[PDB]
Amino acid sequence: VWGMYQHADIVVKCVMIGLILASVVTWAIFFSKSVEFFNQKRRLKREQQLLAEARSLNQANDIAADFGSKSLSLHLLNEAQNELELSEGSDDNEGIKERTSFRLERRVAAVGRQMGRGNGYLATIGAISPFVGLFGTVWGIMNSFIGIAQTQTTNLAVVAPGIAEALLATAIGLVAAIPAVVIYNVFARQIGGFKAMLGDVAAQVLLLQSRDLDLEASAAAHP
Amino acid sequence: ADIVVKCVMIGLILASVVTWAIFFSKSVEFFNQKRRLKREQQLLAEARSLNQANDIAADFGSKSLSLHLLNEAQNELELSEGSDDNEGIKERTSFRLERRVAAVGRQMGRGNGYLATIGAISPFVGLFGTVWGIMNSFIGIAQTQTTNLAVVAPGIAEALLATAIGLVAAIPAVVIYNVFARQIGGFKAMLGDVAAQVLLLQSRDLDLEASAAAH
Amino acid sequence: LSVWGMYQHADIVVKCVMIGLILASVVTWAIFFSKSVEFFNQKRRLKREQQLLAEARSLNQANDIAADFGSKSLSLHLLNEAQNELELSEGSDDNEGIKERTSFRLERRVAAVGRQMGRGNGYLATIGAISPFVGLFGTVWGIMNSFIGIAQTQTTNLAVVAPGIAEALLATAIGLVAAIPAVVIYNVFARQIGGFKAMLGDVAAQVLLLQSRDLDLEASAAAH
Amino acid sequence: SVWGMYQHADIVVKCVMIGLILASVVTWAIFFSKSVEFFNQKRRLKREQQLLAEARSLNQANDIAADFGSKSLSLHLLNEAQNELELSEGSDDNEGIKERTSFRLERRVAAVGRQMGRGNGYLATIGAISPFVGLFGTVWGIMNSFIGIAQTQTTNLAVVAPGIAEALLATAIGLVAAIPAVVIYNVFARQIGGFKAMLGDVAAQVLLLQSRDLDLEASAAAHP
Amino acid sequence: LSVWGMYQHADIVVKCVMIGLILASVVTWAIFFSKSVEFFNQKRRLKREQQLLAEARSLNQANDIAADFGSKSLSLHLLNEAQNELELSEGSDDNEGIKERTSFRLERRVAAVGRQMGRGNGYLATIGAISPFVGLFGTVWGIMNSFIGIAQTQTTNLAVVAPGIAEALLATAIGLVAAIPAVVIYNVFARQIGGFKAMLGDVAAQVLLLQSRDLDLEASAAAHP
Amino acid sequence: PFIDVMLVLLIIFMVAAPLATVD
Ligand SMILES: [Hg+2]
Ligand SMILES: [Hg+2]
Ligand SMILES: [Hg+2]
Ligand SMILES: [Hg+2]
Ligand SMILES: [Hg+2]
């Protein structure tokens, strides 16, 4: 209760408000990054299914023509094409391919690091919440022994408020701790899988570019 | 008694039910696919070419994994028709196969997350149950005037059962998780071996053919 | 009191926790001893074979030094694997090719050997994982039996609570004796398996070097 | 009384409390010093990357990066690439130049990391043993309490509540010293990770420019 | 009684936990001191060798600068390994090969030296992880025999059992006193061994760079005489 | 850093179980 929980201490009330705030942060993160993640994943799976039919790189640029300016696959395809324009006139294809991959994979890596922004918060909250709770309980039963030292009435109605605030400290510690760690683990799984899917679309682009460079260089030799 | 403790315990029991459902269904999956892959590898051990491999695996079944790898190598050979660079084909083929295996790996471990978290957080959700209980009891002794804990002892025991159930729900989840990790390990190993065979056969044939048309 | 008494003196649940944890300790130490003598053997003999192959200026000299090693020897398996990739590739003009396929095979074998060495690590890892939970379940059973004692006797004395708490602390003590050695032994086996996989990798590197050097010297030697 | 609580403890628990307070002091000093240093260096690097993203060549990059002052990292990377082009003057194999440049630049980035993590070991260790030092405070304290109840007989009236309260204050301070160390260390790992990532992107830009320019130069002089 | 008597007056199991934990602390300090003298000598020796070889610019000059670094010197061993790969490869026309074969050699020794530096780190890590838990076993066994004691006769009046609880908590105390120094020593050994592996890696990279540059400049210089 | 939860909870029951009696 508002009068019950506010009764008899400062520090323990502060660990209580801190841990409940931590739970709020975990759940706010949860909803916002949830809608973001579902949207972007839906879009990406659509784009990969569409690009699976491109027999070349030009066909890919046509399938991705309308994908949108903020789309990722248009960013990868644009990176490959821009590496073809900057390398215009080079006799070494074995090089071009290299320069493209280095670009593309790093883009993916960067997006990976852009996915894990804020996951540090969930990790830390789930990490220290049982320890902050544990400090709450140790402070509580410490206040209990202080209580039996003042009045010297020994047991058992004097120890009770201290034991109460201690078990409340552990309870709040677990309620903040568990959802944070579970959500963090699902974010590890999903960030892994999404980073992988992005890797798959990038790999499609790299393959198309390499194959076309080989067919072009080999096509004007013998014929 | 109370409310929260019973919901926590029924939650733990539901978690135990999910543990056993995963146990049975994943058991059937891993055994079937592991058997199919073992057979397919023993059969492909007869391959002296890439064409002989595409032939041994023609009827392996449409959902076969080895037919998917072999079909990927062959498809990379067909899409590259007219290329003079054999060092190219090899690369692209490896890259393709290297995705395949990973994807299949990621699809076998789709469910282990549930077992892992259930076995990890089950004792702690149980502990929350009992701590809420004993907190309600000592809150009880802080009203009126009391002493002689024998009055609140049953409530506290009832609380300790929540942790008991938490641990009992946790144990099968943890053992099952470890066994499924081992099996996925062996499976990723086998799938990797079949992919490695396809890559070798392709590389060797492209080398012997390319060296034969240099003379 | 003493041990056997402490067993026959206790509940049925703590009886099952004691028998379970005692069994888990037994398997932990058995694994330790058999895999310890085995690992000592494998490292000793492998180090011997590496010393012999260290004199090899040529891959043929390696196959000759390794002629009589053992039917199950690891170095003979690596040299035989290189030989098999040279034979399957016979007549190829791309040596850069052969080298690739050879390394690819050799450095897979090592990894596979690792997974066979860790064929037993699953048990130790799992025992160390569940032993504290089984012990903790035992102790919670103890303290619960204590509060039942204070519920019957309506006493609150120390001697009605004593049996339950003593049983709980028993569950904890045996819980630690089963839990700790599983974890240290598991980590020591990870450390030793790492060193073994590394050593085998070094022999593989010797084979790969000899092959690459010889192929280069042959391809360069006939030109002229 | 806080002064009385303290005066109730022991000389060992006193070392535990003053020790934990000192450790908390050093963690906060580290936080402020390396924090200002790191923000400065990060903002500088972000500025430089934003500038160098527009360079269509390597001469254009060396020109845009003119200064940038001195101690800047991008000028150090560009200078390493330049030094490898100058040492290789007269080499016809461009595959070589390229290779060598990456080997240096990559490795340089790693060194920067090792200079960023110098001193973070302190935070890791303090956050590692702080709960253990507090726990030692409490167990030593409560041990003194039980010895106290041992030499005086009948029961213990109020005598050591405060001793026990002070032990529990030892664990409380132990956790209060431990937690900020661990959180600070984790933010430093995350930020250092992102830093190595940005520096890695600049190094990669230099590498790309070098490769593209050497290829276009070799191709333009491979036909008139 | 006092601490010494409290040791001599405790149970046999708890006596063994305490003596064991002091032994672990002894091993902790012996390891600390010997590895300390070793790592400081070798680290600043290597720092010198790196500073000298930074001027090599040749790999003939590297062998010459390192001509006397000592028969146990690490840079002399790496330079000799590259040279030995040049001598065994005499007559190879493929440089792309030599470089490869050279690198594979060098990067193989560094790791090995690294793995020899971390020999014994298992003890520090294991002692720092286990010692509080083995101590915890000591006290839990102690208070367990105590509570077996209070339900025998069966007693009350807590002041009669207090010596047992004291002599048990001593075991956790000793466990922590052995545990903490192990953890600190292990952490500095991890970081310092890291820096050493890095420095050795820097010298090896110098060797590889010099060798590559020589092979390129020789091959290109005798291509257009 | 992990068992410390279990350690301190077991300790707190060894502190609270004597807090139980008598008086
Ligand atoms: Hg507050
Ligand atoms: Hg319900
Ligand atoms: Hg039984
Ligand atoms: Hg101290
Ligand atoms: Hg002993």
# chains A, B, ... in the order shown; residues from 1 in each chain; ligands from 1
call {"tool": "residues_near_ligand", "arguments": {"ligand": "ligand 4", "cutoff": "10 Å", "atoms": "only C-alpha atoms and all ligand atoms", "output": "JSON, numbers by chain"}}
result
{"D": [11, 12, 13, 14, 15, 16, 17, 18, 19, 20, 133, 136, 137], "E": [177]}
call {"tool": "residues_around", "arguments": {"residues": "range 195-210 of chain E", "least_positions_apart": "3", "cutoff": "6 Å", "atoms": "only C-alpha atoms", "output": "ChimeraX atom specification"}}
result
/E:50,58-59,114,192,213
call {"tool": "residues_near_ligand", "arguments": {"ligand": "ligand 2", "cutoff": "9 Å", "atoms": "only C-alpha atoms and all ligand atoms", "output": "ChimeraX atom specification"}}
result
/B:3-4,6-8,10-11
call {"tool": "write_last_selection", "arguments": {"atoms": "N, CA, C and O atoms", "output": "compact mmCIF listing (two decimals), in the first residue's frame"}}
result
# COMPACT_ATOMS: atom_id res chain seq x y z
N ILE B 3 -3.14 -16.52 -3.62
CA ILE B 3 -3.46 -16.52 -5.04
C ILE B 3 -2.18 -16.73 -5.84
O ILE B 3 -2.06 -17.69 -6.62
N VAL B 4 -1.24 -15.80 -5.67
CA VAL B 4 -0.02 -15.76 -6.47
C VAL B 4 0.72 -17.08 -6.43
O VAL B 4 1.22 -17.56 -7.45
N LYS B 6 -0.26 -20.14 -6.06
CA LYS B 6 -0.86 -21.18 -6.88
C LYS B 6 -0.68 -20.90 -8.37
O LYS B 6 -0.41 -21.82 -9.14
N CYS B 7 -0.82 -19.64 -8.78
CA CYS B 7 -0.60 -19.31 -10.19
C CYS B 7 0.86 -19.54 -10.59
O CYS B 7 1.15 -19.95 -11.71
N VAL B 8 1.79 -19.23 -9.68
CA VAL B 8 3.20 -19.49 -9.94
C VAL B 8 3.43 -20.99 -10.10
O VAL B 8 4.13 -21.42 -11.03
N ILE B 10 1.16 -23.41 -10.91
CA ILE B 10 0.53 -23.91 -12.13
C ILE B 10 1.33 -23.46 -13.34
O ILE B 10 1.45 -24.18 -14.34
N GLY B 11 1.89 -22.25 -13.29
CA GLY B 11 2.78 -21.80 -14.34
C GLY B 11 3.96 -22.74 -14.49
O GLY B 11 4.35 -23.10 -15.61
call {"tool": "residues_near_ligand", "arguments": {"ligand": "ligand 1", "cutoff": "12 Å", "atoms": "only C-alpha atoms and all ligand atoms", "output": "JSON, numbers by chain"}}
result
{"A": [6, 9, 10, 11, 12, 13, 14, 15, 16, 17, 18, 19, 20, 21]}
call {"tool": "closest_atom_pairs", "arguments": {"of": "chain C", "to": "ligand 3", "cutoff": "10 Å", "atoms": "only C-alpha atoms and all ligand atoms", "output": "CSV"}}
result
residue,atom,partner,partner_atom_place_in_ligand_line,distance
C:11,CA,ligand 3,1 (Hg),9.8
C:12,CA,ligand 3,1 (Hg),6.5
C:13,CA,ligand 3,1 (Hg),7.0
C:14,CA,ligand 3,1 (Hg),8.4
C:15,CA,ligand 3,1 (Hg),5.8
C:16,CA,ligand 3,1 (Hg),3.9
C:17,CA,ligand 3,1 (Hg),7.7
C:18,CA,ligand 3,1 (Hg),8.6
C:19,CA,ligand 3,1 (Hg),6.8
C:20,CA,ligand 3,1 (Hg),8.1
call {"tool": "closest_atom_pairs", "arguments": {"of": "chain A", "to": "chain D", "cutoff": "9 Å", "atoms": "only C-alpha atoms", "output": "JSON lines"}}
result
{"residue": "A:86", "atom": "CA", "partner": "D:212", "partner_atom": "CA", "distance": 7.8}
{"residue": "A:87", "atom": "CA", "partner": "D:212", "partner_atom": "CA", "distance": 6.5}
{"residue": "A:88", "atom": "CA", "partner": "D:216", "partner_atom": "CA", "distance": 8.3}
{"residue": "A:89", "atom": "CA", "partner": "D:216", "partner_atom": "CA", "distance": 6.9}
{"residue": "A:90", "atom": "CA", "partner": "D:216", "partner_atom": "CA", "distance": 5.2}
{"residue": "A:91", "atom": "CA", "partner": "D:219", "partner_atom": "CA", "distance": 5.4}
{"residue": "A:92", "atom": "CA", "partner": "D:215", "partner_atom": "CA", "distance": 6.8}
{"residue": "A:95", "atom": "CA", "partner": "D:215", "partner_atom": "CA", "distance": 7.7}
{"residue": "A:96", "atom": "CA", "partner": "D:212", "partner_atom": "CA", "distance": 8.2}
{"residue": "A:99", "atom": "CA", "partner": "D:208", "partner_atom": "CA", "distance": 6.5}
{"residue": "A:102", "atom": "CA", "partner": "D:204", "partner_atom": "CA", "distance": 8.1}
{"residue": "A:103", "atom": "CA", "partner": "D:204", "partner_atom": "CA", "distance": 8.4}
{"residue": "A:106", "atom": "CA", "partner": "D:201", "partner_atom": "CA", "distance": 8.0}
{"residue": "A:110", "atom": "CA", "partner": "D:197", "partner_atom": "CA", "distance": 8.0}
{"residue": "A:113", "atom": "CA", "partner": "D:194", "partner_atom": "CA", "distance": 7.7}
{"residue": "A:120", "atom": "CA", "partner": "D:190", "partner_atom": "CA", "distance": 7.6}
{"residue": "A:124", "atom": "CA", "partner": "D:183", "partner_atom": "CA", "distance": 6.9}
{"residue": "A:128", "atom": "CA", "partner": "D:179", "partner_atom": "CA", "distance": 7.0}
{"residue": "A:131", "atom": "CA", "partner": "D:175", "partner_atom": "CA", "distance": 7.3}
{"residue": "A:132", "atom": "CA", "partner": "D:175", "partner_atom": "CA", "distance": 7.8}
{"residue": "A:134", "atom": "CA", "partner": "D:175", "partner_atom": "CA", "distance": 8.5}
{"residue": "A:135", "atom": "CA", "partner": "D:172", "partner_atom": "CA", "distance": 5.7}
{"residue": "A:136", "atom": "CA", "partner": "D:172", "partner_atom": "CA", "distance": 8.4}
{"residue": "A:138", "atom": "CA", "partner": "D:168", "partner_atom": "CA", "distance": 6.3}
{"residue": "A:139", "atom": "CA", "partner": "D:172", "partner_atom": "CA", "distance": 6.5}
{"residue": "A:141", "atom": "CA", "partner": "D:168", "partner_atom": "CA", "distance": 8.2}
{"residue": "A:142", "atom": "CA", "partner": "D:165", "partner_atom": "CA", "distance": 5.1}
{"residue": "A:143", "atom": "CA", "partner": "D:165", "partner_atom": "CA", "distance": 7.5}
{"residue": "A:144", "atom": "CA", "partner": "D:165", "partner_atom": "CA", "distance": 8.5}
{"residue": "A:145", "atom": "CA", "partner": "D:161", "partner_atom": "CA", "distance": 5.4}
{"residue": "A:146", "atom": "CA", "partner": "D:165", "partner_atom": "CA", "distance": 6.4}
{"residue": "A:147", "atom": "CA", "partner": "D:161", "partner_atom": "CA", "distance": 8.8}
{"residue": "A:148", "atom": "CA", "partner": "D:161", "partner_atom": "CA", "distance": 6.9}
{"residue": "A:149", "atom": "CA", "partner": "D:161", "partner_atom": "CA", "distance": 5.6}
{"residue": "A:150", "atom": "CA", "partner": "D:158", "partner_atom": "CA", "distance": 8.8}
{"residue": "A:152", "atom": "CA", "partner": "D:158", "partner_atom": "CA", "distance": 5.7}
{"residue": "A:153", "atom": "CA", "partner": "D:158", "partner_atom": "CA", "distance": 8.5}
{"residue": "A:154", "atom": "CA", "partner": "D:158", "partner_atom": "CA", "distance": 7.5}
call {"tool": "residues_around", "arguments": {"residues": "range 137-142 of chain B", "least_positions_apart": "5", "cutoff": "8 Å", "atoms": "only C-alpha atoms", "output": "list in words"}}
result
residues 157, 160, 161, 163 and 164 of chain A; 147, 152, 155 and 156 of chain B
call {"tool": "closest_residue", "arguments": {"among": "E:188, E:138, E:220, E:107", "to": "ligand 5", "atoms": "only C-alpha atoms and all ligand atoms"}}
result
E:138
